[PDB]
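One structure below.
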Amino acid sequence: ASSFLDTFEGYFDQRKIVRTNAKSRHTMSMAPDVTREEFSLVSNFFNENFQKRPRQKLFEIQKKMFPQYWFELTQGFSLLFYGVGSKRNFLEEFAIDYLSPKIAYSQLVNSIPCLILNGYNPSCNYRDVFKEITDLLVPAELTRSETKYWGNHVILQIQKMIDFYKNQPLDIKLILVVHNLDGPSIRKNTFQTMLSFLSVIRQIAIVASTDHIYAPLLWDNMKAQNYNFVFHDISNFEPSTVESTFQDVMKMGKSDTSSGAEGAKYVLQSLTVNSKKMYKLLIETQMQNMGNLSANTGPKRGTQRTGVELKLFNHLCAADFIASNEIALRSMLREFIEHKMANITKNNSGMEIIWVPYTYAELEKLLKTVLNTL
Amino acid sequence: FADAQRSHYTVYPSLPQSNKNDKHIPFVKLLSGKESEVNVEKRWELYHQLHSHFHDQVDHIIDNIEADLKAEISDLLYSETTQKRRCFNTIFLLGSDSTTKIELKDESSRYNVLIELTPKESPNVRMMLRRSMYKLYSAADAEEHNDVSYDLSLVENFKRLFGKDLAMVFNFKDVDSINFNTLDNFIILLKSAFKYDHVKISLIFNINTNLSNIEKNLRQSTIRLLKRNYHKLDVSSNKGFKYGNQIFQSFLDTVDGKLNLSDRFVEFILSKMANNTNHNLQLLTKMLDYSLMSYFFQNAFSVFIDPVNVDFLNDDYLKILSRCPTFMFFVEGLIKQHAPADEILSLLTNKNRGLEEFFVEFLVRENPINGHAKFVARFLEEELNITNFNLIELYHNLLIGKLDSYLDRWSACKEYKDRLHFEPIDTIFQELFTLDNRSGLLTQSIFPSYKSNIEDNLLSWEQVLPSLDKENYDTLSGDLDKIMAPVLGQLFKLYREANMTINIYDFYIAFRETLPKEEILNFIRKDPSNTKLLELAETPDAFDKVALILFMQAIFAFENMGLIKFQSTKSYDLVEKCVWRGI
Amino acid sequence: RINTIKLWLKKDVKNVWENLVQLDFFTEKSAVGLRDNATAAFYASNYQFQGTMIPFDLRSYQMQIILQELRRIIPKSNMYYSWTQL
DNA sequence: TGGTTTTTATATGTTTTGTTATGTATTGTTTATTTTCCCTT
DNA sequence: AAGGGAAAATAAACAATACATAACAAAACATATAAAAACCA
């Protein structure tokens, strides 16, 4: 077709005008209609059998790189892994099996806590991650002169934490492991600002990974200073079958990538029937409140106004015999809260509202495909 | 509820009982397992005393770049006694990073409050004032040892409520990131505090880029207010090179007499430090550390820079140092000058004593370029009053021999170019004690061609996956592995040879013709255990369905890498390519 | 066609340009000047408009007084009166 | 028991931040017509 | 060397999509006071 294939020469030469007769418009409906269960059947056979023996031998080669990375984490370098393929099974085998026992032995008993962080999850929140880090470090919380008139308490406590840890002994006491640092909810500027200032602290060791090809566009001179990555290419052509769970693969990637409701569809498939009857009751009651309050077909994502309050919800699931009391209700709610499939917050009157963060069209699709089959 | 589907879970991993060893250092045994354990731990602690001696001085340097900058801004913030007394003294800090603290005077019978405003703290003009009036009322009760409305009426009631007059200082942090409608309206708001007879305002602008960009943004009547007294103070780590010359000289003091710097390394330092002009000194330190980390990790001869370990010398050391290219040039020089064979044979390995006695001679030379560069930099400083020079490219042109061809640009060293002349001499065995990048490790680890390493692994992929020959005829798919590419690598060359907008279905058929039809269906049948998978294989439609399943997880993997746009939502039939190789 | 008239420079007409803005001869292009109530004036103060962030000489403006009105007010004895008509 | 202090529940206010709807501006798509130089002669 | 003729360019009408901002919601950040609850005493 084109004479040039790669340079700016190939960019300028392949972006030509195609004529209307020269366009061969074939709809993708002219294809074998593939069921979802045989999609998973053929994919799990090729991902577990096609090139294991090259990928296993490649993983034995780059396992000899592990003391060379550990020498870099003891010198204050954050450590970014790029390449083509899934880097997830590499990253949590290096950081849990190799890295964490060998820092602890070199500081002489228990291992270093290894907070790993799934950034391919589109529901990854930076305030919940920082809630986890202050449980592990237990920093001195922020005095009144330090909270500077609606200052950001997450950023202003890291800056107190840097000045504290500039005088502590140089010992790794946390390893935060960021899978897909350029993932959908973690590529935002408030998340990167958190993790850059948190990377200045030499007492915690950053081990991160990126999949997108324009990932270095995400760090300017100030963020690349605080990070000071050393970059490592680990191409291994792994399938990424866990990253292809929060995002529908039957639609080839036009599932909007930031919903999180497609990843919720995977969570419902292996639950209790009494935990699916509750969540079905929660969806159907909020679906009543979205069609009432909005008066609008178009996609608005469900928030606190459309949510059920908690004491009214306990009456709904006691008549349908899901929950016997308030505590057994709250014990099977929190498994949805930790996966952020349901949120609990209070309004301006004290009503404790429970609500599902998905749009109306994603809420009726989810109600029919997994929940209403019983 | 798997942990793989959660966000941010915490592992408390299990550590084994005891691995029988005090081997917990990241250095490995070199010489393919011929190096002793006592050499590995010696090379570890000889690294840390050469690493810490470098960072004890760099931390001393960085503490001087702030103590100088606190004092240079404080000479200029105070004592400009204007006789008109109805304006503010403005301090433009050209190119300043907003990470400098400003200490104000104590200076009793006067309050000196410092009010710092970031562009995140400035969404609009009333939020600039309610934070500024909170920061002075909170910092005046801190020095005092009822409530006030936070507005500019606190400035007029300041003597009537605290008894001392005021001197407030504004420190705008990222003024290139603030919008200039708000900062213009706030300077005009502070202009209304010049009727109160007991206050003086002082603005400090941390302009990271330019003054010419700022005066095109502010309105013209504000610049006429900012010009009654302003002071431009150039604040940079890169001005006059005077702090980059101190960190690089601090590096050459640590490796004086024990490590050399190749000019291929020094001009790499010199080129990469010019591509980042705002943060040079952290990036100068990062490259000198990672090359120093690289040396002690890879050279078994790293233990031979202190003379007490020369009495250890072994046989595998003797087989590896003699392939030094200067050492062959020395034996070549003894061939061409002295005809007989025995003195050259006493140098080589057939005399077991002589070669290891030959290496103890050449470790003690000073190798005097490290002191002579410090000699030139001090002499060219105080004699000629020259400030604007790199010591880095002075050290680079000194390694080559182009010293006087570098000094002629100042046109005042013509009476001194003969006494400063120095031709370097190639010492023997200097390749074993040196810092160089001829392998390409620093421009792969610190400065990688990121996207070009992605498309090369996609397109080529033979450099990545091992092509093995014995083990494949045993396994389930090794008849398929020699004839079929990995699907991300197969789809990328169909991606590469295509035009901008491509139909998915035509891109599916063009993918499908590349695959072997008989051996995919032979591979899908070679597992006898899955009954559900063998039922798909009996269908006549088996290859057309396996090819689509295998296509549309790679057309999915190319989207979240960013290689493919789905043009024109509501249509979902054709895609646009984002990424070209080579760019 | 013609003593001579000074042509003021690009840096000097900038002050003249900003006075015609503040005398309501030029308005910002699609601008909402004062809001109806206090909450709409508060919502607009937290939004950061585009014309603020684009450079000075690239802001699109519009016109309070059109040229056909501008010919009728300026007297016939001005030297600029011939240029109030295309 | 008893007063006093401290925490909590309830209640409202403030500022930042993120979502959505919509009118207008931009951009792509198709069809007719004209100019430019590559590839055969 | 001439020349055919297909690629490239231009224009114009129309459709489809993106964008700037208005309006608002909600969460973080903040204060207040009566009632509970410890708690000395």
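In the structure tokens, chains take the letters A, B, ... in the order shown, each chain's residues start at 1, and ligands count up from 1 in the order shown.
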
Residues of chain A within 7 Å of chain B, counting only C-alpha atoms, what are they? List them as a VMD selection string. chain A and resid 5 to 8 11 14 to 15 26 to 28 32 34 39 41 to 43 49 to 51 54 to 55 58 67 to 68 70 to 71 83 to 84 96 101 to 102 105 to 106 110 to 111 113 to 118 121 124 129 149 211 to 213 221 230 to 232 235 249 252 to 253 267 339

For residue 18 of chain C, work out the shell of residues within 12 Å, counting only C-alpha atoms (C1' of nucleotides) and skipping chain neighbours fewer than 5 positions away, then give it as a list in words. residues 217, 218, 219, 220, 221 and 222 of chain B; 11, 12, 13, 23, 24, 25, 26, 27, 28, 56, 57, 59 and 61 of chain C

Would you mind exporting the chosen residues as an mmCIF file, in the first residue's frame, restricted to N, CA, C and O atoms?
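The resulting again19.cif:
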data_model
loop_
_atom_site.group_PDB
_atom_site.id
_atom_site.type_symbol
_atom_site.label_atom_id
_atom_site.label_comp_id
_atom_site.auth_asym_id
_atom_site.auth_seq_id
_atom_site.Cartn_x
_atom_site.Cartn_y
_atom_site.Cartn_z
ATOM 1 N N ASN B 217 0.868 38.819 30.291
ATOM 2 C CA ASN B 217 -0.318 38.253 30.921
ATOM 3 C C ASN B 217 -1.021 39.249 31.830
ATOM 4 O O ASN B 217 -2.253 39.330 31.825
ATOM 5 N N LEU B 218 -0.260 39.998 32.621
ATOM 6 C CA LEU B 218 -0.837 41.011 33.488
ATOM 7 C C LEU B 218 -1.302 42.204 32.667
ATOM 8 O O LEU B 218 -0.807 42.460 31.568
ATOM 9 N N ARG B 219 -2.272 42.935 33.206
ATOM 10 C CA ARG B 219 -2.710 44.151 32.545
ATOM 11 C C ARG B 219 -1.655 45.239 32.704
ATOM 12 O O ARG B 219 -0.808 45.193 33.600
ATOM 13 N N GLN B 220 -1.714 46.225 31.808
ATOM 14 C CA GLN B 220 -0.640 47.204 31.682
ATOM 15 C C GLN B 220 -0.572 48.143 32.879
ATOM 16 O O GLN B 220 0.520 48.572 33.265
ATOM 17 N N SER B 221 -1.710 48.443 33.503
ATOM 18 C CA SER B 221 -1.722 49.312 34.671
ATOM 19 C C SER B 221 -1.208 48.629 35.931
ATOM 20 O O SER B 221 -0.954 49.317 36.923
ATOM 21 N N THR B 222 -1.062 47.306 35.922
ATOM 22 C CA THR B 222 -0.495 46.572 37.044
ATOM 23 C C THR B 222 1.025 46.556 36.979
ATOM 24 O O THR B 222 1.699 46.648 38.011
ATOM 25 N N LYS C 11 3.409 46.944 21.417
ATOM 26 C CA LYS C 11 3.486 46.988 22.869
ATOM 27 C C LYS C 11 2.759 48.185 23.462
ATOM 28 O O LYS C 11 2.450 48.171 24.657
ATOM 29 N N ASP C 12 2.473 49.210 22.659
ATOM 30 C CA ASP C 12 1.900 50.457 23.146
ATOM 31 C C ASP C 12 0.391 50.528 22.980
ATOM 32 O O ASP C 12 -0.277 51.211 23.761
ATOM 33 N N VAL C 13 -0.154 49.839 21.979
ATOM 34 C CA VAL C 13 -1.597 49.773 21.785
ATOM 35 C C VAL C 13 -2.249 48.836 22.805
ATOM 36 O O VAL C 13 -3.465 48.922 23.032
ATOM 37 N N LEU C 23 -14.070 50.163 29.413
ATOM 38 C CA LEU C 23 -15.088 51.176 29.167
ATOM 39 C C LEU C 23 -16.311 50.621 28.462
ATOM 40 O O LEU C 23 -17.135 51.411 27.994
ATOM 41 N N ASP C 24 -16.443 49.293 28.389
ATOM 42 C CA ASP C 24 -17.527 48.593 27.686
ATOM 43 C C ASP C 24 -17.666 49.054 26.237
ATOM 44 O O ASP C 24 -18.723 49.509 25.800
ATOM 45 N N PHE C 25 -16.566 48.976 25.502
ATOM 46 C CA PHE C 25 -16.630 48.996 24.050
ATOM 47 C C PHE C 25 -16.386 47.624 23.458
ATOM 48 O O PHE C 25 -16.914 47.313 22.387
ATOM 49 N N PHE C 26 -15.596 46.807 24.145
ATOM 50 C CA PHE C 26 -15.314 45.431 23.773
ATOM 51 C C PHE C 26 -15.802 44.548 24.904
ATOM 52 O O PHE C 26 -15.584 44.860 26.077
ATOM 53 N N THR C 27 -16.459 43.453 24.569
ATOM 54 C CA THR C 27 -16.779 42.449 25.564
ATOM 55 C C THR C 27 -16.105 41.144 25.188
ATOM 56 O O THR C 27 -15.781 40.905 24.024
ATOM 57 N N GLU C 28 -15.892 40.308 26.200
ATOM 58 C CA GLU C 28 -15.431 38.946 25.988
ATOM 59 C C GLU C 28 -16.495 38.199 25.192
ATOM 60 O O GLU C 28 -17.682 38.530 25.268
ATOM 61 N N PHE C 56 -2.896 36.908 25.608
ATOM 62 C CA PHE C 56 -3.597 38.188 25.558
ATOM 63 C C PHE C 56 -4.128 38.497 24.166
ATOM 64 O O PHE C 56 -5.317 38.782 23.990
ATOM 65 N N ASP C 57 -3.259 38.449 23.165
ATOM 66 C CA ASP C 57 -3.616 38.846 21.813
ATOM 67 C C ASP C 57 -4.438 37.805 21.067
ATOM 68 O O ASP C 57 -4.818 38.056 19.921
ATOM 69 N N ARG C 59 -7.368 36.454 22.447
ATOM 70 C CA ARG C 59 -8.726 36.413 22.969
ATOM 71 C C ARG C 59 -9.704 36.967 21.948
ATOM 72 O O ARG C 59 -9.523 38.075 21.437
ATOM 73 N N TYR C 61 -12.909 38.821 21.030
ATOM 74 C CA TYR C 61 -13.807 39.803 21.611
ATOM 75 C C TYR C 61 -14.992 40.032 20.691
ATOM 76 O O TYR C 61 -15.028 39.574 19.551
#

Can you list every residue of chain B that has an atom at most 12 Å from chain C, with its nearest atom pair and the distance in Å to one decimal, using only C-alpha atoms, ordered by chain then number, as JSON lines?
{"residue": "B:120", "atom": "CA", "partner": "C:46", "partner_atom": "CA", "distance": 11.7}
{"residue": "B:121", "atom": "CA", "partner": "C:46", "partner_atom": "CA", "distance": 12.0}
{"residue": "B:122", "atom": "CA", "partner": "C:46", "partner_atom": "CA", "distance": 10.0}
{"residue": "B:123", "atom": "CA", "partner": "C:46", "partner_atom": "CA", "distance": 6.2}
{"residue": "B:124", "atom": "CA", "partner": "C:45", "partner_atom": "CA", "distance": 6.3}
{"residue": "B:125", "atom": "CA", "partner": "C:45", "partner_atom": "CA", "distance": 8.7}
{"residue": "B:126", "atom": "CA", "partner": "C:45", "partner_atom": "CA", "distance": 9.3}
{"residue": "B:127", "atom": "CA", "partner": "C:46", "partner_atom": "CA", "distance": 10.0}
{"residue": "B:176", "atom": "CA", "partner": "C:53", "partner_atom": "CA", "distance": 11.0}
{"residue": "B:177", "atom": "CA", "partner": "C:53", "partner_atom": "CA", "distance": 10.0}
{"residue": "B:178", "atom": "CA", "partner": "C:53", "partner_atom": "CA", "distance": 9.4}
{"residue": "B:179", "atom": "CA", "partner": "C:53", "partner_atom": "CA", "distance": 6.4}
{"residue": "B:180", "atom": "CA", "partner": "C:52", "partner_atom": "CA", "distance": 7.3}
{"residue": "B:181", "atom": "CA", "partner": "C:52", "partner_atom": "CA", "distance": 6.1}
{"residue": "B:182", "atom": "CA", "partner": "C:52", "partner_atom": "CA", "distance": 9.0}
{"residue": "B:183", "atom": "CA", "partner": "C:52", "partner_atom": "CA", "distance": 11.2}
{"residue": "B:184", "atom": "CA", "partner": "C:52", "partner_atom": "CA", "distance": 11.2}
{"residue": "B:212", "atom": "CA", "partner": "C:11", "partner_atom": "CA", "distance": 12.0}
{"residue": "B:213", "atom": "CA", "partner": "C:55", "partner_atom": "CA", "distance": 9.5}
{"residue": "B:214", "atom": "CA", "partner": "C:55", "partner_atom": "CA", "distance": 10.4}
{"residue": "B:215", "atom": "CA", "partner": "C:56", "partner_atom": "CA", "distance": 10.2}
{"residue": "B:216", "atom": "CA", "partner": "C:56", "partner_atom": "CA", "distance": 6.7}
{"residue": "B:217", "atom": "CA", "partner": "C:56", "partner_atom": "CA", "distance": 6.3}
{"residue": "B:218", "atom": "CA", "partner": "C:56", "partner_atom": "CA", "distance": 8.9}
{"residue": "B:219", "atom": "CA", "partner": "C:18", "partner_atom": "CA", "distance": 7.4}
{"residue": "B:220", "atom": "CA", "partner": "C:15", "partner_atom": "CA", "distance": 5.8}
{"residue": "B:221", "atom": "CA", "partner": "C:15", "partner_atom": "CA", "distance": 7.7}
{"residue": "B:222", "atom": "CA", "partner": "C:15", "partner_atom": "CA", "distance": 10.8}
{"residue": "B:223", "atom": "CA", "partner": "C:15", "partner_atom": "CA", "distance": 10.8}
{"residue": "B:224", "atom": "CA", "partner": "C:15", "partner_atom": "CA", "distance": 10.9}

Fewer than 2 positions away in the same chain doesn't count, so skip those; otherwise give me all residues within 10 Å of residue 12 of chain D, counting only C-alpha atoms (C1' of nucleotides), as a PyMOL selection string. (chain A and resi 348-349) or (chain D and resi 10) or (chain E and resi 31-32)

Write to file, as a PDB file, in the first residue's frame, the residues of the selection just made, with N, CA and C atoms (P, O5', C5', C4', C3', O3' and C1' of nucleotides).
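Saved the output as again-v4.pdb:
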ATOM      1  N   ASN A 348     -26.839  15.112  54.887  1.00  0.00           N
ATOM      2  CA  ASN A 348     -26.855  16.283  55.749  1.00  0.00           C
ATOM      3  C   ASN A 348     -27.886  16.197  56.867  1.00  0.00           C
ATOM      4  N   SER A 349     -28.579  15.071  57.010  1.00  0.00           N
ATOM      5  CA  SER A 349     -29.511  14.877  58.107  1.00  0.00           C
ATOM      6  C   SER A 349     -29.149  13.709  59.011  1.00  0.00           C
TER       7      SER A 349
ATOM      8  P    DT D  10     -27.952  11.004  66.694  1.00  0.00           P
ATOM      9  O5'  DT D  10     -28.366  12.505  66.400  1.00  0.00           O
ATOM     10  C5'  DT D  10     -28.495  13.396  67.486  1.00  0.00           C
ATOM     11  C4'  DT D  10     -28.440  14.826  67.017  1.00  0.00           C
ATOM     12  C3'  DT D  10     -28.972  15.069  65.609  1.00  0.00           C
ATOM     13  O3'  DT D  10     -29.794  16.209  65.651  1.00  0.00           O
ATOM     14  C1'  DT D  10     -26.852  16.009  65.831  1.00  0.00           C
TER      15       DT D  10
ATOM     16  P    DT E  31     -12.564  25.083  62.677  1.00  0.00           P
ATOM     17  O5'  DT E  31     -13.968  25.344  63.368  1.00  0.00           O
ATOM     18  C5'  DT E  31     -14.826  26.315  62.816  1.00  0.00           C
ATOM     19  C4'  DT E  31     -16.238  26.184  63.349  1.00  0.00           C
ATOM     20  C3'  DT E  31     -16.375  26.167  64.873  1.00  0.00           C
ATOM     21  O3'  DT E  31     -17.460  26.984  65.244  1.00  0.00           O
ATOM     22  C1'  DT E  31     -17.501  24.359  63.961  1.00  0.00           C
ATOM     23  P    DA E  32     -17.495  27.678  66.687  1.00  0.00           P
ATOM     24  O5'  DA E  32     -18.892  27.240  67.283  1.00  0.00           O
ATOM     25  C5'  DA E  32     -20.019  27.160  66.449  1.00  0.00           C
ATOM     26  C4'  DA E  32     -21.156  26.453  67.154  1.00  0.00           C
ATOM     27  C3'  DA E  32     -21.000  26.335  68.664  1.00  0.00           C
ATOM     28  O3'  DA E  32     -22.249  26.495  69.276  1.00  0.00           O
ATOM     29  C1'  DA E  32     -21.242  24.203  67.737  1.00  0.00           C
TER      30       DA E  32
END

Please provide as a list in words all residues within 12 Å of residue 43 of chain C, with the sequence filter that same-chain residues fewer than 6 positions apart are discarded (counting only C-alpha atoms (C1' of nucleotides)). residues 123 and 124 of chain B; 35, 36, 37 and 49 of chain C; 15 and 16 of chain D; 21, 22, 23 and 24 of chain E

The distance between atom CA of residue 299 of chain B and atom CA of residue 317 of chain B is 10.9 Å

DSSP strand (DSSP E or B) residues within chain C, as number ranges by chain: C: 26-28, 61-63

Take the residues just selected and output them with N, CA, C and O atoms as a PDB file, in the first residue's frame.
ATOM      1  N   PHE C  26     -15.596  46.807  24.145  1.00  0.00           N
ATOM      2  CA  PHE C  26     -15.314  45.431  23.773  1.00  0.00           C
ATOM      3  C   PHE C  26     -15.802  44.548  24.904  1.00  0.00           C
ATOM      4  O   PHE C  26     -15.584  44.860  26.077  1.00  0.00           O
ATOM      5  N   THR C  27     -16.459  43.453  24.569  1.00  0.00           N
ATOM      6  CA  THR C  27     -16.779  42.449  25.564  1.00  0.00           C
ATOM      7  C   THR C  27     -16.105  41.144  25.188  1.00  0.00           C
ATOM      8  O   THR C  27     -15.781  40.905  24.024  1.00  0.00           O
ATOM      9  N   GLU C  28     -15.892  40.308  26.200  1.00  0.00           N
ATOM     10  CA  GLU C  28     -15.431  38.946  25.988  1.00  0.00           C
ATOM     11  C   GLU C  28     -16.495  38.199  25.192  1.00  0.00           C
ATOM     12  O   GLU C  28     -17.682  38.530  25.268  1.00  0.00           O
ATOM     13  N   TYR C  61     -12.909  38.821  21.030  1.00  0.00           N
ATOM     14  CA  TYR C  61     -13.807  39.803  21.611  1.00  0.00           C
ATOM     15  C   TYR C  61     -14.992  40.032  20.691  1.00  0.00           C
ATOM     16  O   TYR C  61     -15.028  39.574  19.551  1.00  0.00           O
ATOM     17  N   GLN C  62     -15.981  40.734  21.219  1.00  0.00           N
ATOM     18  CA  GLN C  62     -17.083  41.208  20.402  1.00  0.00           C
ATOM     19  C   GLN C  62     -17.279  42.695  20.626  1.00  0.00           C
ATOM     20  O   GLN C  62     -16.457  43.341  21.280  1.00  0.00           O
ATOM     21  N   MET C  63     -18.360  43.250  20.096  1.00  0.00           N
ATOM     22  CA  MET C  63     -18.408  44.671  19.800  1.00  0.00           C
ATOM     23  C   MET C  63     -19.675  45.276  20.380  1.00  0.00           C
ATOM     24  O   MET C  63     -20.782  44.854  20.033  1.00  0.00           O
TER      25      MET C  63
END

Residues of chain E within 12 Å of chain B, counting only C-alpha atoms (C1' of nucleotides) - could you list those as a PyMOL selection string? chain E and resi 16-18

At a cut-off of 9 Å, list the chain A residues touching chain D, using only C-alpha atoms (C1' of nucleotides), as a PyMOL selection string. chain A and resi 20+150+299-301+348-350

Give the alpha helix (DSSP H) residues of chain C, as assigned by DSSP on the backbone, as a PyMOL selection string. chain C and resi 13-22+38-46+50-53+67-73

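Near residue 158 of chain B, within a cut-off of 10 Å and counting only C-alpha atoms (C1' of nucleotides), sit the residues residues 111, 137, 140, 153, 154, 155, 156, 160, 161, 162, 163, 164, 165, 166, 196, 198 and 199 of chain B, with same-chain residues fewer than 2 positions away left out.
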
So that each row is one residue of chain D with an atom at most 10 Å from segment 2-12 of chain E, can you give its shortest atom pair and the distance in Å to one decimal, using only C-alpha atoms (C1' of nucleotides), rows by chain and rising number, as a tab-separated table?
residue	atom	partner	partner_atom	distance
D:31	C1'	E:12	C1'	9.6
D:32	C1'	E:11	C1'	9.1
D:33	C1'	E:10	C1'	8.4
D:34	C1'	E:10	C1'	7.9
D:35	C1'	E:9	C1'	7.5
D:36	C1'	E:8	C1'	7.9
D:37	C1'	E:7	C1'	9.8
D:38	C1'	E:6	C1'	9.8
D:39	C1'	E:4	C1'	9.7
D:40	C1'	E:4	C1'	8.6
D:41	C1'	E:2	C1'	8.6

Export of prior selection with N, CA, C and O atoms (P, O5', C5', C4', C3', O3' and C1' of nucleotides) as an mmCIF file, in the first residue's frame:
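Result saved to result-v6.cif:
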data_model
loop_
_atom_site.group_PDB
_atom_site.id
_atom_site.type_symbol
_atom_site.label_atom_id
_atom_site.label_comp_id
_atom_site.auth_asym_id
_atom_site.auth_seq_id
_atom_site.Cartn_x
_atom_site.Cartn_y
_atom_site.Cartn_z
ATOM 1 P P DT D 31 -21.212 9.572 -2.849
ATOM 2 O "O5'" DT D 31 -21.050 10.870 -3.765
ATOM 3 C "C5'" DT D 31 -22.080 11.847 -3.788
ATOM 4 C "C4'" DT D 31 -21.670 13.052 -4.613
ATOM 5 C "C3'" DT D 31 -21.068 12.733 -5.987
ATOM 6 O "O3'" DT D 31 -21.671 13.557 -6.973
ATOM 7 C "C1'" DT D 31 -19.667 14.207 -4.806
ATOM 8 P P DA D 32 -21.589 13.172 -8.531
ATOM 9 O "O5'" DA D 32 -20.875 14.441 -9.193
ATOM 10 C "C5'" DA D 32 -21.497 15.717 -9.116
ATOM 11 C "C4'" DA D 32 -20.476 16.831 -9.251
ATOM 12 C "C3'" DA D 32 -19.637 16.796 -10.534
ATOM 13 O "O3'" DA D 32 -19.742 18.044 -11.205
ATOM 14 C "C1'" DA D 32 -18.259 17.090 -8.627
ATOM 15 P P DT D 33 -19.100 18.240 -12.665
ATOM 16 O "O5'" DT D 33 -17.669 18.884 -12.364
ATOM 17 C "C5'" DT D 33 -17.589 20.084 -11.611
ATOM 18 C "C4'" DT D 33 -16.149 20.537 -11.445
ATOM 19 C "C3'" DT D 33 -15.261 20.388 -12.686
ATOM 20 O "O3'" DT D 33 -14.488 21.569 -12.847
ATOM 21 C "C1'" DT D 33 -14.225 19.397 -10.838
ATOM 22 P P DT D 34 -13.710 21.888 -14.219
ATOM 23 O "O5'" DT D 34 -12.224 22.203 -13.725
ATOM 24 C "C5'" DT D 34 -12.027 23.017 -12.573
ATOM 25 C "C4'" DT D 34 -10.647 22.804 -11.971
ATOM 26 C "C3'" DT D 34 -9.492 22.766 -12.973
ATOM 27 O "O3'" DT D 34 -8.419 23.551 -12.481
ATOM 28 C "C1'" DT D 34 -9.399 20.885 -11.580
ATOM 29 P P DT D 35 -7.263 24.071 -13.467
ATOM 30 O "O5'" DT D 35 -5.929 23.473 -12.821
ATOM 31 C "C5'" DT D 35 -5.557 23.857 -11.508
ATOM 32 C "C4'" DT D 35 -4.545 22.896 -10.909
ATOM 33 C "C3'" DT D 35 -3.233 22.739 -11.680
ATOM 34 O "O3'" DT D 35 -2.170 22.707 -10.737
ATOM 35 C "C1'" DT D 35 -4.153 20.637 -11.280
ATOM 36 P P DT D 36 -0.640 22.942 -11.168
ATOM 37 O "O5'" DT D 36 0.120 21.740 -10.438
ATOM 38 C "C5'" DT D 36 -0.615 20.578 -10.043
ATOM 39 C "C4'" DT D 36 0.304 19.525 -9.464
ATOM 40 C "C3'" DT D 36 1.687 19.518 -10.053
ATOM 41 O "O3'" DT D 36 2.530 18.734 -9.231
ATOM 42 C "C1'" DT D 36 0.458 17.721 -10.944
ATOM 43 P P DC D 37 3.786 19.398 -8.484
ATOM 44 O "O5'" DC D 37 4.990 18.430 -8.867
ATOM 45 C "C5'" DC D 37 5.054 17.886 -10.172
ATOM 46 C "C4'" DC D 37 4.729 16.406 -10.162
ATOM 47 C "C3'" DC D 37 5.772 15.545 -10.845
ATOM 48 O "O3'" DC D 37 5.614 14.202 -10.423
ATOM 49 C "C1'" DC D 37 3.855 15.425 -12.087
ATOM 50 P P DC D 38 6.762 13.461 -9.581
ATOM 51 O "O5'" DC D 38 6.698 11.957 -10.116
ATOM 52 C "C5'" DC D 38 6.470 10.884 -9.207
ATOM 53 C "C4'" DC D 38 5.635 9.776 -9.840
ATOM 54 C "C3'" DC D 38 6.417 8.653 -10.494
ATOM 55 O "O3'" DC D 38 5.558 7.538 -10.594
ATOM 56 C "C1'" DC D 38 5.231 9.709 -12.145
ATOM 57 P P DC D 39 6.051 6.060 -10.218
ATOM 58 O "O5'" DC D 39 5.813 5.236 -11.566
ATOM 59 C "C5'" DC D 39 4.482 5.012 -12.023
ATOM 60 C "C4'" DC D 39 4.430 4.729 -13.522
ATOM 61 C "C3'" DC D 39 5.523 3.817 -14.078
ATOM 62 O "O3'" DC D 39 4.946 2.984 -15.067
ATOM 63 C "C1'" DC D 39 5.494 5.806 -15.291
ATOM 64 P P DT D 40 5.626 1.596 -15.504
ATOM 65 O "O5'" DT D 40 5.213 1.465 -17.045
ATOM 66 C "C5'" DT D 40 3.835 1.475 -17.406
ATOM 67 C "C4'" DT D 40 3.596 2.276 -18.677
ATOM 68 C "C3'" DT D 40 4.184 1.675 -19.959
ATOM 69 O "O3'" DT D 40 3.149 1.500 -20.917
ATOM 70 C "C1'" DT D 40 4.657 3.991 -19.810
ATOM 71 P P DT D 41 3.380 0.564 -22.203
ATOM 72 O "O5'" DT D 41 3.892 1.580 -23.327
ATOM 73 C "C5'" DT D 41 3.023 2.595 -23.810
ATOM 74 C "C4'" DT D 41 3.760 3.548 -24.732
ATOM 75 C "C3'" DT D 41 4.813 2.904 -25.613
ATOM 76 O "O3'" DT D 41 4.216 2.427 -26.814
ATOM 77 C "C1'" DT D 41 5.504 5.061 -24.761
#
